[PDB]
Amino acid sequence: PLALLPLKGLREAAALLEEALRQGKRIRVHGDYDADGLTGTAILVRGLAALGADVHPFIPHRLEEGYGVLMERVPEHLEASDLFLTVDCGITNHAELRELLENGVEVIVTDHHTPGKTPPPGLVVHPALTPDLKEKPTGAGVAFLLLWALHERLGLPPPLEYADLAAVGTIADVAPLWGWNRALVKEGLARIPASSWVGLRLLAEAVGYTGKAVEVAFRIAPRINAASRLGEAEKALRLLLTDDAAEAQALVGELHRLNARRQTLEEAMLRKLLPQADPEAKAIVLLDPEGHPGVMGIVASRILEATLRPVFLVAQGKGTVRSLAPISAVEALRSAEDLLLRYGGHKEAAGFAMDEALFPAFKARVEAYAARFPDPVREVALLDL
């Protein structure tokens, strides 16, 4: 049964929010552009506003600026808020220490992604930093809990009215769905048909939602994620806020387009690139001069799943990477570094930019790099698929 799951930080957070409410502070909710993040952002933005707060959302542009809090827009975050609230990001954006410094903007970091060495500055609400807890809530999950807590003090009923959104974000992030997640999802799914948010009702209707969870995961979530991938996140967020049946359906249709267009672009890129793969290579290094970068990542993962080799795709001047077993995406990019303009990431995934003119040289460098190291087949349980 749904219960306000512990979580080390909620009390302090709720405190800070109520404080903001009374003082009429400007609250900027900085979420992610994926379904979990957008959905979570919606919860806090409506919830707070519902309690007469001064809230406005802020979503990054997946294609121009990356994920998380962007340092370049920090100055802009300052002039716009008194309380900076993070939704599905933050824990590794330590340079928002400038938030607390530069001016006195209180920072509340909500997240669920793998934490770094040290937590980031500010009041943190992360499930992995809660002592003896193994519930695994998602970004939208944490926001829901956060809205719940704020409801506790102030003395208002639990925010069940918001479980649907929270449910969409959870399934979207394919959480275990075995812990408290189950109660949230089950409760959420049930409230979708005729929920309190037209955008979500109409959408659920459009995709013929019956009540199944697979329907949220395979028809609803894709539609919401499709927007950011084509530089149209806002459209998705607005759908989730709006509550104007008119504007709603218009948006539902705009998401239909976006989703279809994303799918067509993946299929198109895939059938152009897959044949060029070839598992005989220590690393797959392909170049689709005219490929939409907002879709390469997906294609890279599928090419990997198919070849069990590191994949390096470059389209326009951008590049993504997906590798496994020995080879590390970033470290591969370490060499050839000179050939790049920028680059960053981790072991399994990484990104970068470069002048396509150096592609041949880059391909040979990365190939040679993976030439060292064993063959990934001597590691994966193949359930890797």
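One-based numbering along the sequence shown.
Peer 1: If you take the mean CA temperature factor per stretch, which one wins between 260-268 and 197-205?
Peer 2: Mean CA B-factor is higher for 197-205.
Peer 1: For the higher mean C-alpha B factor in the entry, choose 211-219 or 286-294.
Peer 2: Higher of the two, by average CA B-factor, is 211-219.
Peer 1: I'd like to know which of 302, 229, 235, 73 has the highest C-alpha temperature factor in the PDB entry.
Peer 2: Highest C-alpha B-factor among the listed residues goes to 73.
Peer 1: Per the entry, which of 277, 177, 255, 124 tops the list for Cα B factor?
Peer 2: Top of the list by C-alpha B-factor: 177.
Peer 1: Looking at the entry's B-factor column for C-alpha atoms only, identify whether residue 158 ranks in the lowest, middle or highest third of its chain.
Peer 2: It falls in the top third of the chain.
Peer 1: When the deposited Cα B-factors of this chain's modelled residues are ordered and cut into thirds, is residue 307 in the lowest, the middle or the highest one?
Peer 2: Answer is lowest: the recorded C-alpha B-factor places it there.
Peer 1: Sorting by Cα B-factor within the chain, modelled residues only, which third would residue 184 end up in: lowest, middle or highest?
Peer 2: For residue 184, whose C-alpha B-factor we compare with every modelled residue in the chain, the answer is the highest third.
Peer 1: If you rank the chain by CA B-factor, which third does residue 36 end up in: lowest, middle or highest?
Peer 2: As the PDB entry reports it, the C-alpha B-factor of residue 36 lands in the lowest third of its chain.
Peer 1: Sorting by Cα B-factor within the chain, modelled residues only, which third would residue 83 end up in: lowest, middle or highest?
Peer 2: Middle third.
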